[PDB]
Every structure is written in structure tokens, then in C-alpha cells.
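**Q** Can you read through this structure? Questions will come right after.
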Amino acid sequence: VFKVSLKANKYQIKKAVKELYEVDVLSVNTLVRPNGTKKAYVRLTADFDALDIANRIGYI
Amino acid sequence: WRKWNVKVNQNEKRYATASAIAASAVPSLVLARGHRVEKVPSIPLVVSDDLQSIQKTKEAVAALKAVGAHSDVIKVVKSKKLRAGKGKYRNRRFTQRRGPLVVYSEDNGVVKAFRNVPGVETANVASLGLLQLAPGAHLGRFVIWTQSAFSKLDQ
Amino acid sequence: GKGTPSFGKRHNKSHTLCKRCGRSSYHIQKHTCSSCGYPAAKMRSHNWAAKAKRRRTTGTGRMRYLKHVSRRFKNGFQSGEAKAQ
Amino acid sequence: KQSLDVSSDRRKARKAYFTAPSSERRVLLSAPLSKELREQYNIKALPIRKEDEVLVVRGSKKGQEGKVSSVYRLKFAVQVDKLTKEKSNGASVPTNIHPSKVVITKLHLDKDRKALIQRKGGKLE
Amino acid sequence: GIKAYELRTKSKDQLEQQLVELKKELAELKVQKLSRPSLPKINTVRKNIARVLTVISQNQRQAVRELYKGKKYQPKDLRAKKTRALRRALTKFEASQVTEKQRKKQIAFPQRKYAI
Amino acid sequence: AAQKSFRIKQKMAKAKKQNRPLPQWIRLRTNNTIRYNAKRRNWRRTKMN
Amino acid sequence: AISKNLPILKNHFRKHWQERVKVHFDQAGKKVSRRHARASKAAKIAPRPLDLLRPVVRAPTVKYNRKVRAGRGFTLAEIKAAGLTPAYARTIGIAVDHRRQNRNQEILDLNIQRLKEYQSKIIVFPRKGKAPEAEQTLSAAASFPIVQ
Amino acid sequence: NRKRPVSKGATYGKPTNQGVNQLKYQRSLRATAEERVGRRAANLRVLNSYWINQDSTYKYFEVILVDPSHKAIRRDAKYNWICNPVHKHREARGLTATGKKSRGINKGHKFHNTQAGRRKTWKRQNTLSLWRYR
RNA sequence: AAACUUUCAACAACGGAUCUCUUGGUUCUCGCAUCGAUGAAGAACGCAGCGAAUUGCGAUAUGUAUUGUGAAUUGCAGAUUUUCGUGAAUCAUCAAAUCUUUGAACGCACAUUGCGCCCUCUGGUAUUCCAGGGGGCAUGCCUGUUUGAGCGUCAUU
């Protein structure tokens, strides 16, 4: 689950997730928070575990 | 557009100047309008035009010292105080009295030399205004003349 | 009930957020700002409105450009760069 | 005064001083240089800097001296080592001091401090 | 952190790699930021990114100027912004340019100096 | 409203974040008078647009 | 309204005069800027005078005909006789005034001599190279007054 | 003529100004033509105009316009002046020929009340001018 | 007689007068002439290690570059050794840039972060579909440009 820049499509995200983390994105669901920033909720395919890649990026 | 500046007749003005330069003589008038002129050896106090040469303040004070001021220059030094007003916050923060007035005919640095001395208002005879000669409209500012200037009053 | 009860029936919006001055003064059943007369090209402003010049002139805002012309005039509209001493 | 590009207006001066930027303030925070040093360097006064070497001359702290952590250009002060109030709890807070009180005794040397001195008209280092 | 003059030497491929090295470290920081109260490193590294970007642009634009140097009609951003007025108003060539009649007149009758 | 415009949500997004009190470390700044935040808008008390 | 044997003042303040009041506080400080700009001319100009040499002319009317006075410029008669061109007269700082005509031999002689005394008293700097200056006299009217 | 717009003739005010009809826009028809083409051809600078024809309905004016952007002008000093910024919309200010007539700007005794400029002379002679010394 | 009411004191409240201050005004003088389609003024949303406002700036976001100065900043925290240096700084300066969304506002719209079309490139089997990166597409007028239109009109096969 990311915070994302506004003015960023669901394609633009999928691409950036795949490009950064070399992950296959199942599906993005964005929303826009009351605070006024986007928040993606990106799903990874069966193959990629989210738990490991979470401690790989940093946030446990 | 209220009337700030007030016209005066040229002639009246001259009269008043003249009449101030009367008062520059007569000790009685001069002693009332301040001025420690008890040590001085009589008034219409003219000094040579050798003072007219003077360049530095040190030498100008040294002239006044020996001439008969210094009782006047101590005056204007001790006299300084803050204003008793809001005028403090309109660039009048301090007062201090008027010392003597060095008239002269010619400038070879007199203007500069006396400049920094805290009482001495120099002034040309050429001008010699009543603003400088009878301040507070009290006749008889103690004038230190020069032998040139004092000669030139007749002209 | 021309008062407290008919105020109840106030639940719409004559006006909304005008593009151009971000006031809530963009009438809608007229498509135009009451404040700034957007979408007409000039700013809807008057002399009679003395204050409401004051509320929106050059300097009320940032002047992202014009904050910095005076300088460029003073240096004489230079170009390029300095070097050394 | 004599020139017309300068103000006897108090109201403007004070504005300037209190709003003056760090770049200016550095100058306003000159300390005079000691009776010793002035004869060595022919310089009455330098802008005070981070390495200190300074005998306080006016105040409760006069006589006492030290080095310094930091110049507080924002408070126009200079905090000083040893010169401290002690709060009731036992913690030590630095005393603020205005530099023109404070007198420099062992200048910090740098190309730019030497250069400043050479630029100001100073013999020796 | 990174100094301008050091970047200035590096090539266009070098800088893009350099930028990516920073943008990773920036990213790893904003992950560390949320788990810690204060993270002030972030500011200096975010400047570098700019430093680089500025250095990239500056090279790019000097290189465009390098091609258009000589020819008329360089891009609008590479002309002098000046101020509309001036940028419209007659150039010191023009205006000083004087009709052939008035040229002659001037030559036969220039304001000769004269004392007394 | 619920069925809101984005130009509306963005301005509320402003006005949610604005409403937060004066962060207690500005109180310690040198030459500070701001003891508390004035511009502070309870959702009942005062409205927005 | 109105009053005791008091004269009929006609005063004009029924319009919004207090908007259009102009008080010359400047006066004294304007003078300065004139003196200063007259000087800046004199340096910019350099050897020449500030004024072009102007001719004598008898004022018009019954009221003033008895007086003589400085006119605009010199006429293509008075110049031609004094021995130069209007085109050139302008280069040497004589005010030419095409539109004045000359119906009085006792005024022309006044002028023609005046031009002859001017062309005399001035020197001209060669265009080619050397410029031997002899200071600037700031006004022609100083050196060439209109004596009646 | 100009019709004073006013709804329905309801002028409102002193019957002097009840006049709606016989009312005569003080800028000519020439000028209005120069002006209308000015705003159309904003880049152009009116220089002068001249009458062609008329009829019942219309006067017709040939308006001569000049392009200060264009170079043939900007270089050659005979026209070059018109490129200066103090000739932007000469027609609107009344710096055209028609304009200067309609402003009432000749020399002489028959044109006092406007000569420098109508609103000028007024604002000179409807001023109280007070010195330091009165 | 107390309580109470009233008057008056000292001390204490309430309250913020008076005094004194003053980075604000104020008028007066002097000097200058410099906004914008090269996107101005204005607005919106953002951006700080810890900011709500202010101040600054624009996803290079309380700044980058350049130059100067020559060690700060400072509420705390924090660096970094750059402290005999192409270098500290909420410094000055400022000529290189960046300059989100807007706004005269310009692809067409605009109570919408809507809807296109074109060129180019990269993804997905792709000239056409989608997606991503870039660069575009306003109106008037002007000068030319090429392409045309009218038995308006001339001269020829």
C-alpha cells in the first residue's frame, strides 16, 4: 500500500511498481485521501510474496 | 495647503538683523541671553583673520580657548540632555545650547574647522541671518567676528 | 415564516468556486463570477469599489514574476553570469 | 552628517538594525581587540567569530573570559564558555553577551581572517 | 553533499545514473522517515537531486544555444526575456537609423562647439 | 455531500489539514508572539464554502 | 447669507476645488533641480553657453512699444546681412527665427551689430581635431544684454 | 445621430438632459471607422483615413494602416516613428487627424477652451495654485 | 448593640486608563521608469526533520545554479568536517534554470482534475486498439507560402 503522487493514473502506478520492485502487479486500486494525496492499494500476483518485499523495501 | 511659510518684508527682516547685530554688542543683552562672557575682555569681540586660516578643530578650539570662549564651549556640552517630549521620537532626541557665532568674510576652512565644535555656529557676514543672530528671538548672540567681517559690515 | 422557517429552505448554492479569484462568487444559473467577472476577460472591477481594488491588486498576491523585475531593471537587464575576482 | 545618502532618522536605523540580515549583522558584532593585540595588529576592532578568546569587560561577568560555542547573530549576542547561569534544576545555560563589551585576546587565524586583517591595514599575520 | 563543479565535468549518461542513485536514496529515506521522529538527512539529498537536474538542464540548454548560435530565430526561451516593451521597441540600430536627407543635413551642419 | 466534485474535495483537504494547533516548538522561537493559533475552524462553529 | 456694508466678494469655490489644490512646496527644491540640470547641461554641452544668442525686438502694442525686448530668433534678413546662413547660424548657436520679418532699419542695425559682435566675441572649434578651450561663459544674454 | 441609450427615454433628471434624440456623438464618423478597424486589426497602427463614399445608411471610409511589427517599416526612418509605443492606437486617443479636429485643436483665438487639451486647460484653470509664500 | 446601607483608608480584586516607549503610520521633497502570449497581475493546491499561520518558493517546491561575503544556523533535533576553504548561512546578491493546477489563458470544454485529434518514441502479436514518455493543435490581424476558387478577366492551342 503506497502513497502516490496525484496526477498519477492506475497505469502509471502499475508501471512504477513493476519498474521499481520488478514485481508483477495483479491490480491497483487507488483512492484519494481526505488529506489530499492519493493512496494506491496495489496487489501483487500469486508468485510474489508481499511480506518479504515489504521488508526488502524497508517498512516491516 | 495651510499657510506654512510666512512672508516677511525684506526691509523688516533687515531691520531686525541690524538690530540683532546691535545686540551682538552690549554685554547686558548678551549676558541675559545665556553666554558666560564675564571672563571676556569686553565685547564687539573681533579676532584676527589668522583664525580664518585655521584648518583643524584642535587649532580652532585653541583659538577660542585663548580668545575668551570655553566658558561658552563647556556650556554647550554640559547643557546637552534628552528632550522632554515626543520630539525624542521625531529626530530631536537631544538639545544642548547655542554657543557663540563666528562671523567671517572669507572661507579658508573655518567652516570646516569649527564644524564639529558643539556650540560654534559659524556664518558669513554676507548672509548673517536673524535665525543665527537672535535665536529664540532673544537679541544678542555673542558674536565672534573676524577683522575682515567686522570691517565689511560698513560695506 | 419569511424568517426562521424559510431560512430552512436555504439548501442550495447560487454561487460556487470561481476559477479565477477562488472566491465563492461564481453564479451558476448565469455562468459568471460576481467578483471578478470571469469568464469575461477583464477583471470585474470598478472605481467605486475602492476597497475591492485593494483586496485584489498586484501585491495582494505573490507576484511570482513581478516581485523580481525591479531588480532586473536595476542591474539593467543583464544576461549570462558573473565569473570571479 | 553631510551627505544626502544617509539618514539621521532613528526610525529607519532601528528598523535596519533589527531587520538586518546575517551578512550585515556579522559586521555590527565587532568586538574591540585587546590593549595587547591592537599594538600587534594595528586593528581596534574585528568582527567576532566562532573561535573565541575573549575577556568580558562590562557586566556581572567582567574579568572572566573564555572561548565560545556560537555567535548568536539572531540575538546579536555571543554565547560564551564558562559564562553560564545555572538554572534551579542544576542545568547550565549560556549567558548572552554583546560583543562590544567582550574584548578579543587571541584571534582565530584563517586565510580570510588574515586577508581581512591585511585588508583592514594590519601588520603581522 | 554533492558539489556543483564536480557534476559539471560528468557526462549525460553519468548524471542520469547519478540521479537514479540519489532518487533511490531519497526513496529509502522517506521509508525510514515514517518510522523515526526526525530525519534531516533527507533535505541535503533532495538538494542533490536538484543539483544534478540543474546541471543536466544547464548542459542541455548551452548545447542548444551551441547549435542556434549564428542563425536567426533561436527558440523563445533562448532569447533575452528582457521585458515586452523593450523586446518590441526599436533596436538601437533602428531609431538611430536616419533618413538619407537627414544624414546629409547632419554632416553639413553638426553643432559646432564655441566659447564666449 | 458524498457525490462531490474534486475541486471541492481538494479545498476541504486543505481545510482539514489547516485545522491543527500551533506546534508547541514555535512558542520557543526567538521573537515570537504566537501563543496559539487563531485561524482554527470547528466544523460546527464556523462554516467554509 | 450676505451682510453689513461689506463688499461683494466674487469667490470661486463652488466646484470641488480641494481635489485640485496644488501647493508648491517643491518651489524651493525645484529650484535646486533646475540649478542642477542647468549645470548638467553646461557640463554636457561643455564649452558652449546654455542659451542661443537671441535678437532684440520691439515688443508689440501701445502699452509696451516703448520698451525693447528679447525676441525668439534672428530672421533670414538679419543673418544674411551679418554674413552667414540660417543652417549654419544654428550650428554656432544663434537662434534663427524664419517667421519674423523686418520693417525697421533702426531695429536691424541693432541686431546686425549684435550678430557682428557675437560672431566676433565667440571662437569656433575646428571640426577636424584640436579644441583649444577658453572656459565656458554660461549665458549669451549675460555677455549680450538688451540695452534699451 | 447617437441615441442616448436610457430605457424607454427615461433619462431621469433635470429636463435639460431629457434629450434623447437629436444627440450627436462628438467623435466623427471618420474616427469611429478608424477606431473600429483599430480594435479589429490590433497589430496594425492606424495612420490616417479618408472618405470614399456614402449613402442613406452608411459612410464609407478607407482606413490606411501600418504594421510596426513588419520590418520594411521598422527600418526605413520615414515610417519608423509609427513603430514607437506612443502611437499604439492613435485613433482611440484622438491623435488621428479627425481626432485632433474633433478635439478642437487648432491654434488661435477660435480655439481657447481646447488647445493643449480640453480637460487639461480646464484642470489648469480650475485649480487653486498656492505658493509657499502666498 | 450586630447585620445591612452609606462614606473614607490601607491591602487585595476587577478593569486596562495615565505615563513612558515605538521595526507602524504620515504628509513633504528628491531620483528613477521597469508587467504581460518568452504566459502578467491574480487565484488554487502543494513544498520545511519537527509549520497551523506568516515569510519564501513549485514535484529541482521555505529552494537549485551563479557571484560575493567567510563561519554559521539555533526553539529543539541534526548533521557535515567543507572551518588555512571553488566554502557555513532562514546571509546578501542574482545574470542560469526549475516554475504543479490555473489565470488574458490559447485543442474543445470547464459546478467535470471531462473529451478529443495530430506528430514521434517505448511497452502489449499493432499504420488503425489500449497504455506510458515527449512535442503539438486558440482567435484576430499583418507580411510573406504553397494549395486552390470565380466565363471577374487577358492572352494561347
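Chain lettering (A, B, ...) mirrors the order of the C-alpha cells, residue numbering begins at 1 for each chain separately, and ligand numbering begins at 1 in order of display.
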Can you pull out the residues contacting residue 13 (chain C)? Cut-off 9 Å, using only C-alpha atoms (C1' of nucleotides), and skip same-chain residues under 3 positions away; I want them as a PyMOL selection string.

**A** chain C and resi 10+16+27-28

**Q** So that I can see what lies close to residue 34 (chain A), please list as a VMD selection string the residues with an atom at most 10 Å from it, counting only C-alpha atoms (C1' of nucleotides) and leaving out residues fewer than 5 positions away in the same chain.

**A** chain F and resid 9 to 17

**Q** Within 12 Å of residue 88 (chain B), counting only C-alpha atoms (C1' of nucleotides), which residues qualify if same-chain residues fewer than 2 places away don't, as number ranges by chain?

**A** B: 81-86, 90-95; D: 9-11; I: 20-22

**Q** Can those selected residues be exported to a file as a PDB file, in the first residue's frame so that it contains C-alpha atoms (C1' of nucleotides)?

**A**
ATOM      1  CA  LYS B  81      20.085  66.465  27.645  1.00  0.00           C
ATOM      2  CA  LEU B  82      17.244  64.458  26.215  1.00  0.00           C
ATOM      3  CA  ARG B  83      14.226  66.426  25.140  1.00  0.00           C
ATOM      4  CA  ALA B  84      11.334  66.445  27.489  1.00  0.00           C
ATOM      5  CA  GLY B  85       8.978  65.381  24.683  1.00  0.00           C
ATOM      6  CA  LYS B  86       7.657  63.129  21.974  1.00  0.00           C
ATOM      7  CA  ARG B  90      10.948  62.672  15.770  1.00  0.00           C
ATOM      8  CA  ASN B  91      14.703  63.017  15.396  1.00  0.00           C
ATOM      9  CA  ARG B  92      15.240  65.667  18.055  1.00  0.00           C
ATOM     10  CA  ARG B  93      16.479  63.209  20.683  1.00  0.00           C
ATOM     11  CA  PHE B  94      18.914  65.723  22.299  1.00  0.00           C
ATOM     12  CA  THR B  95      19.044  69.502  22.793  1.00  0.00           C
TER      13      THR B  95
ATOM     14  CA  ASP D   9      16.218  59.181  11.109  1.00  0.00           C
ATOM     15  CA  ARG D  10      16.157  56.981  14.185  1.00  0.00           C
ATOM     16  CA  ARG D  11      13.071  55.240  12.955  1.00  0.00           C
TER      17      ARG D  11
ATOM     18  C1'   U I  20       6.903  56.367  29.140  1.00  0.00           C
ATOM     19  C1'   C I  21       8.059  53.722  24.927  1.00  0.00           C
ATOM     20  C1'   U I  22       7.719  52.572  19.333  1.00  0.00           C
TER      21        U I  22
END

**Q** Assign secondary structure with DSSP using the backbone only, and return the residues of chain A in alpha helix (DSSP H) as JSON, numbers by chain.

**A** {"A": [10, 11, 12, 13, 14, 15, 16, 17, 18, 19, 20, 21, 50, 51, 52, 53, 54, 55, 56, 57]}

**Q** Please produce a file of the residues just selected, as a PDB file, in the first residue's frame, where the atoms kept are N, CA and C atoms.

**A**
ATOM      1  N   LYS A  10      -3.735   4.867 -12.722  1.00  0.00           N
ATOM      2  CA  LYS A  10      -3.553   3.496 -12.296  1.00  0.00           C
ATOM      3  C   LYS A  10      -2.560   2.748 -13.189  1.00  0.00           C
ATOM      4  N   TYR A  11      -2.422   3.151 -14.454  1.00  0.00           N
ATOM      5  CA  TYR A  11      -1.383   2.581 -15.317  1.00  0.00           C
ATOM      6  C   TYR A  11      -0.040   3.082 -14.852  1.00  0.00           C
ATOM      7  N   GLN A  12       0.088   4.396 -14.728  1.00  0.00           N
ATOM      8  CA  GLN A  12       1.320   4.989 -14.235  1.00  0.00           C
ATOM      9  C   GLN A  12       1.802   4.340 -12.960  1.00  0.00           C
ATOM     10  N   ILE A  13       0.899   3.877 -12.103  1.00  0.00           N
ATOM     11  CA  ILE A  13       1.336   3.231 -10.881  1.00  0.00           C
ATOM     12  C   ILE A  13       1.846   1.843 -11.181  1.00  0.00           C
ATOM     13  N   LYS A  14       0.967   0.993 -11.688  1.00  0.00           N
ATOM     14  CA  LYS A  14       1.321  -0.371 -12.108  1.00  0.00           C
ATOM     15  C   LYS A  14       2.703  -0.434 -12.723  1.00  0.00           C
ATOM     16  N   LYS A  15       2.974   0.485 -13.640  1.00  0.00           N
ATOM     17  CA  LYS A  15       4.275   0.582 -14.283  1.00  0.00           C
ATOM     18  C   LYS A  15       5.394   0.891 -13.294  1.00  0.00           C
ATOM     19  N   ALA A  16       5.189   1.888 -12.449  1.00  0.00           N
ATOM     20  CA  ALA A  16       6.196   2.275 -11.480  1.00  0.00           C
ATOM     21  C   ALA A  16       6.460   1.206 -10.438  1.00  0.00           C
ATOM     22  N   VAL A  17       5.441   0.423 -10.086  1.00  0.00           N
ATOM     23  CA  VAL A  17       5.597  -0.649  -9.094  1.00  0.00           C
ATOM     24  C   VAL A  17       6.429  -1.747  -9.737  1.00  0.00           C
ATOM     25  N   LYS A  18       5.969  -2.195 -10.893  1.00  0.00           N
ATOM     26  CA  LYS A  18       6.691  -3.152 -11.711  1.00  0.00           C
ATOM     27  C   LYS A  18       8.126  -2.706 -12.028  1.00  0.00           C
ATOM     28  N   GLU A  19       8.333  -1.420 -12.308  1.00  0.00           N
ATOM     29  CA  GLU A  19       9.662  -0.905 -12.667  1.00  0.00           C
ATOM     30  C   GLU A  19      10.608  -0.829 -11.471  1.00  0.00           C
ATOM     31  N   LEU A  20      10.120  -0.311 -10.349  1.00  0.00           N
ATOM     32  CA  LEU A  20      10.928  -0.215  -9.138  1.00  0.00           C
ATOM     33  C   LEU A  20      11.280  -1.574  -8.591  1.00  0.00           C
ATOM     34  N   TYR A  21      10.252  -2.344  -8.243  1.00  0.00           N
ATOM     35  CA  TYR A  21      10.422  -3.575  -7.461  1.00  0.00           C
ATOM     36  C   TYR A  21      10.513  -4.866  -8.285  1.00  0.00           C
ATOM     37  N   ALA A  50       4.126 -10.472  -0.649  1.00  0.00           N
ATOM     38  CA  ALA A  50       4.135  -9.074  -0.254  1.00  0.00           C
ATOM     39  C   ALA A  50       4.946  -8.861   1.016  1.00  0.00           C
ATOM     40  N   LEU A  51       4.932  -9.853   1.901  1.00  0.00           N
ATOM     41  CA  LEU A  51       5.594  -9.754   3.201  1.00  0.00           C
ATOM     42  C   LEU A  51       7.096  -9.564   3.075  1.00  0.00           C
ATOM     43  N   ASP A  52       7.738 -10.371   2.240  1.00  0.00           N
ATOM     44  CA  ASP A  52       9.185 -10.271   2.048  1.00  0.00           C
ATOM     45  C   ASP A  52       9.545  -8.950   1.369  1.00  0.00           C
ATOM     46  N   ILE A  53       8.902  -8.665   0.241  1.00  0.00           N
ATOM     47  CA  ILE A  53       9.144  -7.414  -0.487  1.00  0.00           C
ATOM     48  C   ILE A  53       8.870  -6.166   0.364  1.00  0.00           C
ATOM     49  N   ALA A  54       8.032  -6.293   1.387  1.00  0.00           N
ATOM     50  CA  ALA A  54       7.848  -5.220   2.359  1.00  0.00           C
ATOM     51  C   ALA A  54       9.094  -4.992   3.219  1.00  0.00           C
ATOM     52  N   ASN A  55       9.698  -6.060   3.735  1.00  0.00           N
ATOM     53  CA  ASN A  55      10.968  -5.904   4.473  1.00  0.00           C
ATOM     54  C   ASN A  55      12.183  -5.676   3.547  1.00  0.00           C
ATOM     55  N   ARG A  56      12.019  -5.955   2.250  1.00  0.00           N
ATOM     56  CA  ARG A  56      13.018  -5.606   1.231  1.00  0.00           C
ATOM     57  C   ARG A  56      13.074  -4.104   0.978  1.00  0.00           C
ATOM     58  N   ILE A  57      11.907  -3.501   0.754  1.00  0.00           N
ATOM     59  CA  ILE A  57      11.790  -2.039   0.596  1.00  0.00           C
ATOM     60  C   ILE A  57      12.212  -1.284   1.866  1.00  0.00           C
TER      61      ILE A  57
END

**Q** If we count only C-alpha atoms (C1' of nucleotides) and set the cut-off at 12 Å, which residues sit around region 93-99 of chain H, ignoring sequence neighbours fewer than 3 positions away in its own chain? Please answer as an MDAnalysis selection string.

**A** chainID H and resid 26:35 38 45:51 63:65 82 86:90 102:106 117

**Q** Output the contact residues of chain A with respect to chain F at a cut-off of 10 Å, based on only C-alpha atoms, as JSON, numbers by chain.

**A** {"A": [32, 33, 34, 35, 36, 37]}

**Q** Counting only C-alpha atoms (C1' of nucleotides), give me one row per residue of chain C with an atom at most 12 Å from an atom of chain I, showing the shortest contact pair and its distance in Å to one decimal, sorted by chain then residue number, as a tab-separated table.

**A**
residue	atom	partner	partner_atom	distance
C:13	CA	I:111	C1'	9.8
C:14	CA	I:111	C1'	10.4
C:15	CA	I:111	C1'	8.8
C:16	CA	I:111	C1'	6.7
C:17	CA	I:111	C1'	7.8
C:18	CA	I:43	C1'	9.0
C:19	CA	I:43	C1'	7.3
C:20	CA	I:43	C1'	5.5
C:21	CA	I:43	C1'	4.6
C:22	CA	I:43	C1'	5.5
C:23	CA	I:43	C1'	8.6
C:24	CA	I:111	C1'	11.0
C:25	CA	I:111	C1'	11.6
C:26	CA	I:111	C1'	8.9
C:27	CA	I:111	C1'	9.4
C:28	CA	I:111	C1'	7.2
C:29	CA	I:111	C1'	10.3
C:30	CA	I:111	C1'	11.6
C:31	CA	I:111	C1'	9.3
C:32	CA	I:111	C1'	11.2
C:36	CA	I:42	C1'	9.9
C:38	CA	I:103	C1'	9.9
C:39	CA	I:103	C1'	10.4
C:40	CA	I:104	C1'	9.7
C:41	CA	I:104	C1'	6.1
C:42	CA	I:104	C1'	7.5
C:43	CA	I:42	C1'	9.2
C:53	CA	I:42	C1'	11.5
C:55	CA	I:42	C1'	10.4
C:56	CA	I:42	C1'	6.8
C:57	CA	I:41	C1'	7.2
C:58	CA	I:41	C1'	5.4
C:59	CA	I:41	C1'	8.5
C:60	CA	I:42	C1'	8.3
C:61	CA	I:42	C1'	6.7
C:62	CA	I:42	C1'	8.8
C:63	CA	I:41	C1'	7.3
C:64	CA	I:57	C1'	9.2
C:65	CA	I:40	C1'	7.7
C:66	CA	I:35	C1'	6.6
C:67	CA	I:35	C1'	10.2
C:68	CA	I:94	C1'	10.0
C:69	CA	I:34	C1'	6.4
C:70	CA	I:34	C1'	6.0
C:71	CA	I:94	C1'	8.7
C:72	CA	I:34	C1'	8.0
C:73	CA	I:34	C1'	5.5
C:74	CA	I:34	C1'	8.5
C:75	CA	I:95	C1'	8.6
C:76	CA	I:34	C1'	9.6
C:77	CA	I:95	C1'	7.8
C:78	CA	I:95	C1'	5.1
C:79	CA	I:95	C1'	4.4
C:80	CA	I:95	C1'	4.8
C:81	CA	I:95	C1'	4.7
C:82	CA	I:67	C1'	5.5
C:83	CA	I:67	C1'	6.8
C:84	CA	I:67	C1'	7.2
C:85	CA	I:68	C1'	9.2

**Q** Using only C-alpha atoms (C1' of nucleotides), find each residue in chain E having at least one atom no more than 6 Å away from chain I; report its shortest atom-to-atom pair and that distance in Å (one decimal), rows by chain then rising number, as JSON lines.

**A**
{"residue": "E:38", "atom": "CA", "partner": "I:49", "partner_atom": "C1'", "distance": 4.6}
{"residue": "E:39", "atom": "CA", "partner": "I:49", "partner_atom": "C1'", "distance": 4.8}
{"residue": "E:40", "atom": "CA", "partner": "I:49", "partner_atom": "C1'", "distance": 4.3}
{"residue": "E:50", "atom": "CA", "partner": "I:60", "partner_atom": "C1'", "distance": 3.8}
{"residue": "E:51", "atom": "CA", "partner": "I:64", "partner_atom": "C1'", "distance": 5.6}
{"residue": "E:76", "atom": "CA", "partner": "I:38", "partner_atom": "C1'", "distance": 5.2}
{"residue": "E:77", "atom": "CA", "partner": "I:38", "partner_atom": "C1'", "distance": 5.5}
{"residue": "E:81", "atom": "CA", "partner": "I:38", "partner_atom": "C1'", "distance": 5.6}

**Q** Residues of chain I were defined as contacting chain F if any atom lay at most 7 Å from it, counting only C-alpha atoms (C1' of nucleotides); please report them as a list in words.

**A**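 Matching residues, ligands excluded from the count: residues 52, 75 and 113 of chain I.
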
**Q** Taking 4 positions as the minimum chain separation for residues in the same chain, which residues sit within 12 Å of residue 10 (chain E) when counting only C-alpha atoms (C1' of nucleotides)? Answer as an NGL selection string.

**A** :E and (3-6 or 14-19 or 52 or 55-56 or 59)

**Q** Write the residues of the selection above to a file with N, CA, C and O atoms, as a PDB file, in the first residue's frame.

**A**
ATOM      1  N   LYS E   3      28.758  18.520  -4.837  1.00  0.00           N
ATOM      2  CA  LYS E   3      29.124  19.878  -5.238  1.00  0.00           C
ATOM      3  C   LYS E   3      28.884  20.052  -6.725  1.00  0.00           C
ATOM      4  O   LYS E   3      29.135  19.140  -7.507  1.00  0.00           O
ATOM      5  N   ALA E   4      28.426  21.238  -7.107  1.00  0.00           N
ATOM      6  CA  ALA E   4      28.104  21.542  -8.499  1.00  0.00           C
ATOM      7  C   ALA E   4      29.278  21.265  -9.423  1.00  0.00           C
ATOM      8  O   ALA E   4      29.170  20.450 -10.333  1.00  0.00           O
ATOM      9  N   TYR E   5      30.400  21.925  -9.159  1.00  0.00           N
ATOM     10  CA  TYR E   5      31.582  21.841 -10.024  1.00  0.00           C
ATOM     11  C   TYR E   5      32.069  20.424 -10.325  1.00  0.00           C
ATOM     12  O   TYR E   5      32.667  20.188 -11.376  1.00  0.00           O
ATOM     13  N   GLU E   6      31.818  19.490  -9.409  1.00  0.00           N
ATOM     14  CA  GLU E   6      32.101  18.067  -9.646  1.00  0.00           C
ATOM     15  C   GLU E   6      31.159  17.432 -10.676  1.00  0.00           C
ATOM     16  O   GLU E   6      31.598  16.642 -11.510  1.00  0.00           O
ATOM     17  N   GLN E  14      26.334   9.634 -17.290  1.00  0.00           N
ATOM     18  CA  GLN E  14      26.797   9.594 -15.900  1.00  0.00           C
ATOM     19  C   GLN E  14      25.806  10.257 -14.943  1.00  0.00           C
ATOM     20  O   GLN E  14      25.506   9.706 -13.882  1.00  0.00           O
ATOM     21  N   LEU E  15      25.298  11.428 -15.326  1.00  0.00           N
ATOM     22  CA  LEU E  15      24.367  12.180 -14.482  1.00  0.00           C
ATOM     23  C   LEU E  15      23.036  11.468 -14.261  1.00  0.00           C
ATOM     24  O   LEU E  15      22.530  11.454 -13.141  1.00  0.00           O
ATOM     25  N   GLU E  16      22.470  10.889 -15.317  1.00  0.00           N
ATOM     26  CA  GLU E  16      21.225  10.123 -15.190  1.00  0.00           C
ATOM     27  C   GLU E  16      21.376   8.968 -14.207  1.00  0.00           C
ATOM     28  O   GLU E  16      20.472   8.705 -13.417  1.00  0.00           O
ATOM     29  N   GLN E  17      22.521   8.294 -14.255  1.00  0.00           N
ATOM     30  CA  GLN E  17      22.841   7.238 -13.296  1.00  0.00           C
ATOM     31  C   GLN E  17      22.981   7.818 -11.893  1.00  0.00           C
ATOM     32  O   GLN E  17      22.424   7.276 -10.935  1.00  0.00           O
ATOM     33  N   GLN E  18      23.724   8.923 -11.796  1.00  0.00           N
ATOM     34  CA  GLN E  18      23.860   9.687 -10.544  1.00  0.00           C
ATOM     35  C   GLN E  18      22.523  10.121  -9.966  1.00  0.00           C
ATOM     36  O   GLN E  18      22.320  10.052  -8.758  1.00  0.00           O
ATOM     37  N   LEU E  19      21.626  10.581 -10.829  1.00  0.00           N
ATOM     38  CA  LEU E  19      20.299  10.990 -10.406  1.00  0.00           C
ATOM     39  C   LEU E  19      19.531   9.809  -9.836  1.00  0.00           C
ATOM     40  O   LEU E  19      18.878   9.934  -8.799  1.00  0.00           O
ATOM     41  N   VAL E  52      21.898  18.013  -9.504  1.00  0.00           N
ATOM     42  CA  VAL E  52      22.010  17.228 -10.711  1.00  0.00           C
ATOM     43  C   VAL E  52      21.103  17.771 -11.808  1.00  0.00           C
ATOM     44  O   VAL E  52      21.590  18.193 -12.857  1.00  0.00           O
ATOM     45  N   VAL E  55      22.228  20.844 -13.189  1.00  0.00           N
ATOM     46  CA  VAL E  55      23.416  20.604 -14.004  1.00  0.00           C
ATOM     47  C   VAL E  55      23.083  19.936 -15.326  1.00  0.00           C
ATOM     48  O   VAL E  55      23.713  20.236 -16.337  1.00  0.00           O
ATOM     49  N   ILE E  56      22.112  19.030 -15.316  1.00  0.00           N
ATOM     50  CA  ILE E  56      21.669  18.396 -16.549  1.00  0.00           C
ATOM     51  C   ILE E  56      21.098  19.459 -17.478  1.00  0.00           C
ATOM     52  O   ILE E  56      21.563  19.603 -18.609  1.00  0.00           O
ATOM     53  N   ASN E  59      23.593  22.049 -19.008  1.00  0.00           N
ATOM     54  CA  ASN E  59      24.322  21.466 -20.133  1.00  0.00           C
ATOM     55  C   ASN E  59      23.452  21.367 -21.367  1.00  0.00           C
ATOM     56  O   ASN E  59      23.884  21.748 -22.453  1.00  0.00           O
TER      57      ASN E  59
END
